[PDB]
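We begin with a single chain expressed as structure tokens, specifically the form deposited in one PDB entry.
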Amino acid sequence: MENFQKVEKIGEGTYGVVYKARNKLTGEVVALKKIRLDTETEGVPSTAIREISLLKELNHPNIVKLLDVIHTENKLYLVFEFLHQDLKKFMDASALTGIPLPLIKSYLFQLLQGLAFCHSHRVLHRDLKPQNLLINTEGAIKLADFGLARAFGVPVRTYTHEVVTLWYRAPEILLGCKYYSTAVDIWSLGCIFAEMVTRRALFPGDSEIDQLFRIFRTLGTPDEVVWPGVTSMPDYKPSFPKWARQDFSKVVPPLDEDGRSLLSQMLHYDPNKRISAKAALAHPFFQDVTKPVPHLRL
């Protein structure tokens, strides 16, 4: 840990603060997530245990790389590959601009690649949103913050309830369905996709019911025809206003026929019919996909 020179404070979270640093020896810029543990308290936090253990299996060009874990008696340093911005700020600086379709498609392509990889190694991210997706100065985007992540089983079990930041939380979860899985991450990605296009959160609810209600208004209140089982779900109320399903082209106006399709499949109610990352890679939306390299602002 002496071959690193701190360079600044990046983004603090749970375990501790995150510095920027450079390996004085090889020149490689990295991010150092630190943990002082809970020495005479909780001990190594479960988030860090799930994050380090799962993250050390996921080696992929589209998942931030945990380069090393530095163990000392009183501190644990997690050395990550350094990425400049997160989608959240990138879009913010895209004032006027708008992320051009080519980059949205590139980004969507990369995210599915990295997410399909996670699902193939029984890992649910459960926290996809633009803050957690980091981009670099070469046109790449990668999934980050696997603190909420968890290794799943086949078949799945009942996992922690209410996961995923609200706006990006899937309908399965809000209805308090017994089991959720991989489809939850696909919902978050459908929302980020609509968001990259419109530059605005798709379902910016303030409570779970507001969220369901925004969801229903845009895709219609699901019934037993569209989602066999909805009406018997824990948090499904027969009093729910039944909204007609909005014409998809009105959901994200700038999108073509293809992108509409992909999005409609990503935002599919029934989690069993909602498209897989793996299968989304082969959609016509991506037939022209390239790797536009964006100029960053830092």
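When you see a residue number, it is the position in the sequence shown, counting from 1. What we label the rigid core is the largest C-alpha set whose atoms superpose within 1.5 Å from one form to the other.
One more form of this protein should be noted, the form deposited in another entry, which is absent from this view; the next part is about it.
In the overlay on the core between the shown form and the other one, a shift of 2 Å or more in CA position is seen for a single residue of 39, 264, 231, 272, which is 39. Residue 289: CA moves 2 Å or more between the shown form and the other one after rigid-core fitting. Put simply, residue 119 and residue 293 come closer in the other form: their C-alpha atoms are 3 Å or more nearer than in the form shown. Distance between the C-alpha atoms of residue 142 and residue 291: longer in the other form than here (change of 3 Å or more).
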